[PDB]
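Residues per chain are reported as follows:
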Amino acid sequence: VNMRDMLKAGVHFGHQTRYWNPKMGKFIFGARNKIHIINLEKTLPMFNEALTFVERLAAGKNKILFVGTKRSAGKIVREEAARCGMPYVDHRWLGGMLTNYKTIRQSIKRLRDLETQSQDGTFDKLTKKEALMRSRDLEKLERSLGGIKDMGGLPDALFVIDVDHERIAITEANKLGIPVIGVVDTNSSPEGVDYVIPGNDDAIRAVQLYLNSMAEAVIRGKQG
RNA sequence: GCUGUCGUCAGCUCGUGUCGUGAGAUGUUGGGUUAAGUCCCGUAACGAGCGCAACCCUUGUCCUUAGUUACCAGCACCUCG
Ligand SMILES: [Mg+2]
Ligand SMILES: [Mg+2]
Ligand SMILES: [Mg+2]
Ligand SMILES: [Mg+2]
Ligand SMILES: [Mg+2]
Ligand SMILES: [Mg+2]
Ligand SMILES: [Mg+2]
Ligand SMILES: [Mg+2]
Ligand SMILES: [Mg+2]
């Protein structure tokens, strides 16, 4: 937005220059002190195009799955999940979540049953050597499946934050043929994603900006 | 049909998903721990079954129920059982 806040937060930065993908060469403005610099001129049109796509997809009661699992990055995804709804994941991505989704329906049902059982006035009124085990199993299931408790169907567009770190999700999203919105850094590969956002990673301010922009865009799209 | 043995050793597999042209692989590998594929943490795997364990019999402590053919603390007698 207006080239200033992005410059301030973290965007014009990359993953050194020893580690990089040649397919990113068209986005690099240059190198500064053995560190690559992202051309912020090219990223703004792509960012705005992603904004319009999310806004127009929101109008129609669809779902955007947010993938942000990373240190200090999945958390902000989780608190961004409140407001504008939409499913999310912030812990490890289970293998075959979008291709073996029929099986994971069963685990979601089990999570729902456990949540009903524990929070119906503490029905776990049995031996104390088993209530703790049941509660910790419930917490373990929650810690992975809580974000996607909703969305009985497949999402119509998957928003990822790091192509390389979460390549499994992008691969199976491509296999299912559903759009992918990704924030590609210098060391990652743009291949496999539809809309590319050549921005920085590993920056709390940057990811905060991206998630808040997504939230406001989807809110505007949802307002109709 | 019934039985021995490896061996009461902790192992043997399947559904869906993914990798390979294929036989196949992953799950079931890795760090710890346990009598145990026992458990935890991690992880293209998510789950489940047969096994392990518990549920059964006996032994050790105590409570309640009842005292005959069993028992004898208190009392009378005893021919002194
Ligand atoms: Mg097998
Ligand atoms: Mg199998
Ligand atoms: Mg298989
Ligand atoms: Mg094949
Ligand atoms: Mg084996
Ligand atoms: Mg095997
Ligand atoms: Mg091991
Ligand atoms: Mg077992
Ligand atoms: Mg047994």
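Residues numbered from 1 in each chain as written, not as in the entry; some residues may be left out. Chains lettered and ligands numbered in written order. Part of a larger assembly, values for the part shown. Heavy atoms only, no water. Residues with missing side-chain atoms left out of burial classes, pairs and counts.

Asks: Help me get a handle on unusual backbone geometry, residues and values and all.
Replies: Its identity is not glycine, yet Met3 carries a phi of approximately 70°, on the positive side. Along the chain, the position of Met3 falls in the segment before α1 (5-9). Taking relative accessible area as the criterion, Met3 reaches 23% and is therefore assigned partly exposed. In this structure, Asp202 is a non-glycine residue whose phi angle is positive, near 60°. By secondary structure assignment, the location of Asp202 is in the loop between β7 (195-198) and α7 (204-223). (Helix = DSSP H or I, 4+ residues; strand = E, 2+ residues; numbered from the N terminus. Buried < 20%, exposed > 50% of the residue type's maximum accessible area, 1.4 Å probe, protein only.)

Asks: Tell me about the layout of surface pockets, residues and numbers included.
Replies: When its volume is computed, the largest pocket comes out at roughly 170 Å³. Around the largest pocket, the lining comprises 14 residues; the ones closest to its centre are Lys70, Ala73, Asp201, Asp202 and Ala203. The class makeup of the residues in the lining of the largest pocket is seven nonpolar, two polar and five charged. (1 Å grid on protein atoms, 1.4 Å probe; cavity = no way out; pocket = protein on both sides within 12 Å on 5 of 7 lines; lining within 4 Å. Points joined across faces, edges and corners; volume = space filled by probe spheres on them. Nonpolar A, V, L, I, M, F, W, Y, C, P; charged D, E, K, R; others polar.)

Asks: How would you explain the protein's contact with RNA strand B if you had to name every residue and give the values?
Replies: Close to RNA strand B lie 15 residues; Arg92, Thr99, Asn100, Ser107 and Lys140 are nearest. Close to the protein, within 4 Å, the atoms of RNA strand B are drawn from sugar and phosphate at a rate of 65%. The separation between a sugar or linking oxygen of RNA strand B and a polar side-chain atom of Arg110 is 3.2 Å. Within the side chain of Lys175, a nitrogen or oxygen atom sits 3.2 Å from a phosphate oxygen of RNA strand B. At the level of secondary structure, the elements contributing two or more residues to the surface near RNA strand B comprise α4 (101-118), α5 (128-145) and α6 (167-176). With four residues, α4 is the single largest residue contributor to the surface near RNA strand B. (Near = heavy atom within 4 Å. Polar contact = N/O pair within 3.5 Å; in protein donor to acceptor, adjacent residues only side chain to side chain.)

Asks: Requested: an account of the packing of aromatic side chains, with residues and values cited.
Replies: Applying the stated criterion to the full structure yields three aromatic pairs. With a centroid separation of 5.1 Å and an interplanar angle of 65°, the aromatic rings of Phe53 and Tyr195 are classed as edge-to-face. One end of the pair, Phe53, is in helix α2 (residues 40-58); the other, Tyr195, is in strand β7, and 142 residues separate them in sequence. (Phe/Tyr/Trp six-rings, centres within 6.5 Å; stacked < 30°, edge-to-face > 60°.)

Asks: Before we move on, can you summarise the packing of α4 against α5 with the specific residues and values?
Replies: Their axes nearest at 10 Å, the elements α4 and α5 cross at an angle of 130°. Between α4 and α5, the angle falls in the class oblique. Viewed along their axes, α4 and α5 form a crossing whose handedness is left-handed. Here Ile104, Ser107, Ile108, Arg110, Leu111, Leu114, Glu115, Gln117 and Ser118 of α4 lie close against α5, whose contacting residues are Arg134, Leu138, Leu141, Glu142 and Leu145. Among the residues making up the contact of α4 with α5, the classes are represented as seven nonpolar, three polar and four charged. (Axes fitted to C-alpha atoms, helices over the stretch in contact; angles between N-to-C directions. Parallel < 35°, antiparallel > 145°, perpendicular 65-115°, else oblique. Left-handed = near helix turned anticlockwise from the far one by under 90°. Contact = heavy atoms within 4.5 Å.)

Asks: Before we move on, could you go through the pattern of salt bridges and cite the residues and values that matter?
Replies: Taken as a whole and judged by the stated rule, the model has five salt bridges. Among the salt bridges present, the one from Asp202 reaches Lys70, with a minimum N-O distance of 2.4 Å. One end of the pair, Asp202, is in the loop between β7 and α7; the other, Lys70, is in the loop between β3 (64-67) and α3 (74-81), and 132 residues separate them in sequence. Relative accessible area serves as the criterion here: at 26%, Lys70 is assigned to the partly exposed category. Residue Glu139 is joined to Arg143 by a salt bridge in which the shortest nitrogen-to-oxygen separation is 2.6 Å. With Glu139 and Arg143 both in helix α5 and four residues apart, this pair spans about one turn of that helix. Assessed through its relative accessible area of 31%, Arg143 is described here as partly exposed. Here the residues in one salt-bridge network are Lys70, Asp162 and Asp202, joined through shared partners. (Salt bridge = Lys/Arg side-chain N within 4 Å of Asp/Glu carboxyl O.)

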